[PDB]
Amino acid sequence: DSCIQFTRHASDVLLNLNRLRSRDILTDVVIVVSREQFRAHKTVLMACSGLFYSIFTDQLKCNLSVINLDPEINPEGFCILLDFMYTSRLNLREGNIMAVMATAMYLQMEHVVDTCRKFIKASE
Amino acid sequence: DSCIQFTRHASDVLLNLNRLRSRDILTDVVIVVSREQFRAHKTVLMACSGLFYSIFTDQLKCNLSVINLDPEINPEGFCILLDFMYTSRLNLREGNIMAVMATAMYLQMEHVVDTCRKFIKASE
Amino acid sequence: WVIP
Amino acid sequence: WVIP
Ligand SMILES: O=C1Cc2cc(Nc3nc(Cl)ncc3F)ccc2N1
Ligand SMILES: O=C1Cc2cc(Nc3nc(Cl)ncc3F)ccc2N1
Ligand SMILES: [Cl-]
Ligand SMILES: [Cl-]
């Protein structure tokens, strides 16, 4: 087409979605990761994770307001990945990289799994 | 912080949100612009438009599944702006620029109003 | 704004 | 991936 494009639009949208999450505006699901609860927008989770895409496109699961993750999932790893979904920034540290990579494999976040594998390879 | 950032994340999220819109997945509102209906995600509309942000943060309006816009709003102008919200690309043409600018002023999309004003100034 |  |  003959369109013009606003370079910062996608980043500005994501920043506003994170501001809505902060202010608990229109959050429509609670993700339970053992003893912790995380509120989020189903659409953002589906846009970032192959696991959430499969969950919320299922005719029965799309209607649930609470999703319980596998008990082996680490809440801190999930929290770091949820922040990445809403900001593009990944708080990857020597002390959390194994939990983050395991959580990203479970959530099917291929780009995160890729950077974790590379950082682990560099340490060996 | 000591975060790393995935450059293409925000653009990839927006592309996936547009794929959900295409496939009518988790759309939760219908915007009526005279005889036309447009399905969308309330969160994306709020992230892009000062008008939708004010509408869906209102305690009564946040619960509506149908929003009727002012009858003076042109459906084609709205359609072009809705596509911009989900893609960052604005289909601005000599034949639609006045309707697009008027719709962007009503929707409170300051960056779009700015580019329309500049393109109009260049023609004069 | 740019030409994409 | 970059250093923001
Ligand atoms: O690593 C990843 C990240 C990821 C996100 C999605 N999300 C969606 N995919 C499509 Cl094609 N349309 C809409 C979506 F919300 C699916 C698979 C995967 N795998
Ligand atoms: O031209 C514009 C575009 C636009 C979008 C928003 N959106 C939100 N603003 C904030 Cl601060 N937090 C969350 C949001 F969804 C408000 C005003 C305006 N004016
Ligand atoms: Cl990813
Ligand atoms: Cl704008």
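The residue numbers you see begin from 1 on each chain and track the sequence as written, which may not match the entry, and residues missing coordinates are not shown. Whichever chain is written first is A, and whichever ligand is written first is 1; the rest continue in order. Think of the side-chain values as coming from all heavy atoms in the structure, minus any hydrogens and water. Residues with missing side-chain atoms are left out of burial classes, side-chain pairs and their counts.

For this deposition, the record names X-ray crystallography as the technique by which the model was determined and cites 1.7500 Å as its resolution.

**Q** Even after reading the chapter, I still don't get the pairing of strand 2 (residues 29-33) of chain B, so can you show me in this structure?
**A** Sheet faces and side chains relate simply in a regular strand, where the side chains alternate between the two faces. Residues and elements named next belong to chain B. In terms of residue burial, strand 2 counts as a mostly covered element, since 5 of its 5 residues are buried. Think of it in three bands: with a 1.4 Å probe and only protein chains considered, a residue is buried below 20% of the maximum accessible area for its type, exposed above 50%, and partly exposed in between. Secondary structure is summarised from DSSP: a helix means a run of H or I of at least four residues, a strand means a run of E of at least two, and numbering begins at the N terminus for each. In strand 2, alternate side chains face the same way, and those of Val-29, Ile-31 and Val-33 on one face and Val-30 and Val-32 on the other are all buried. Pairing between strands requires that DSSP locate at least two bridges from one strand to the other. Both strand 2 and strand 3 (residues 36-40) contribute to a ladder of 5 bridges, which runs antiparallel. Its bridge partner being in strand 3, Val-29 is matched across the sheet by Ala-40. Linkage of strand 2 to strand 3, two consecutive antiparallel strands, is achieved through a turn of 2 residues, within which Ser-34 is found at a positive phi near 60 degrees.

**Q** Just checking my understanding: could you explain the site of ligand 2 for this structure?
**A** Close to ligand 2 lie 13 residues, the nearest being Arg-23 of chain A together with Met-46, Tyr-53, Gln-108 and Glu-110 of chain B. Residues are labelled near a given molecule or strand when at least one of their non-hydrogen atoms is within 4 Å of it. The local environment of ligand 2 is shared, drawing residues from chains A and B. As used in this structure description, the phrase polar contact means that two N or O atoms lie within 3.5 Å; if the pair is within protein, one of them must be able to donate a hydrogen and the other to accept it, and residues adjacent in sequence are counted only when both atoms belong to side chains. One of the side-chain N or O atoms of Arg-23 of chain A is found 2.9 Å from a nitrogen atom in ligand 2. In this structure, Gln-108 of chain B approaches ligand 2 through a main-chain N or O atom, which is 2.9 Å from an oxygen atom. Those elements that place two or more of their residues in the shell around ligand 2 are helix 1 (9-22) of chain A together with helix 2 (42-48) and helix 3 (50-56) of chain B. Split by residue class, the shell around ligand 2 holds 6 nonpolar, 4 polar and 3 charged. Each residue gets one label: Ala, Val, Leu, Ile, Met, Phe, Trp, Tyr, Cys and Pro are nonpolar, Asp, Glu, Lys and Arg are charged, and the others, such as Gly, are polar.

**Q** Which parts of the structure should I look at to understand the arrangement of the chains?
**A** In this description, contact between two residues means that some pair of their heavy atoms is separated by no more than 4.5 Å. Of all 5 pairs of chains sharing an interface, the pair with the highest contact count is chains A and B. Kept free of each other, chain C and chain D leave a smallest C-alpha distance of 22 Å between them.

**Q** Please clarify how the interface of chain B and chain A should be interpreted in this entry.
**A** Accessible area lost upon the coming together of the parts serves often as the stated size of an interface. Taken together, the contact pairs 39 residues of chain B with 39 residues of chain A. With 9 residues, the single largest contributor to the side of chain B that touches chain A is helix 1 (residues 9-22) of chain B. Across the side of chain B that touches chain A, the residue classes break down as 20 nonpolar, 12 polar and 7 charged. In terms of strand pairing, strand 5 (residues 89-90) of chain A meets strand 1 (residues 4-5) of chain B through 2 bridges, oriented antiparallel. Bridging from a neighbouring strand, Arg-89 of chain A pairs with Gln-5 of chain B of strand 1 of chain B.

**Q** In this structure, what is going on with the interface of chain A and chain C? I would like to understand it.
**A** Listed per partner, the contact involves 5 residues of chain A and 4 residues of chain C. For any pair of parts, buried area is found by adding up, for both, the accessible area (1.4 Å probe) each one loses once the two are put together. Carbon and sulfur atoms supply 69% of the area buried between chain A and chain C, which totals about 510 Å² over both sides. Among the residues chain A hides against chain C, the three largest losses belong to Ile-4, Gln-5 and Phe-6 of chain A. Together they make up 78% of the total. Salt bridge, as applied in this entry: a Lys or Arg side-chain nitrogen positioned within 4 Å of an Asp or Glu carboxyl oxygen. At the boundary of chain A and chain C, one finds 0 salt bridges. Here chain A and chain C share 1 residue pair in polar contact between them. Residues that form the side of chain A that touches chain C fall into these classes: 3 nonpolar, 2 polar and no charged.

**Q** Can you walk me through the environment of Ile-55 of chain B in this structure?
**A** Counting through the fold element by element, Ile-55 of chain B comes out in helix 3. Separated by 12 residues in the primary sequence, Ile-55 of chain B and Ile-67 of chain B place their C-alpha atoms 9.1 Å from one another.

**Q** What is the right way to look at the relation of the copies chain B and chain A in this model?
**A** Copies of the same chain, two in number, are related to each other by a rotation about an axis and a translation along it. Copies are aligned with a least-squares fit on their C-alpha atoms. In the superposition of chain B on chain A (RMSD 0.0 Å, axial shift 0.0 Å), the rotation amounts to 180 degrees. What we have between these two chains is a two-fold relation. Considering only C-alpha atoms, the residue of chain B closest to the rotation axis is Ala-10 of chain B, which sits at 2.6 Å. Looking at the interface residues of chain B, 100% of them are also at the interface in chain A, so both copies use one shared face.

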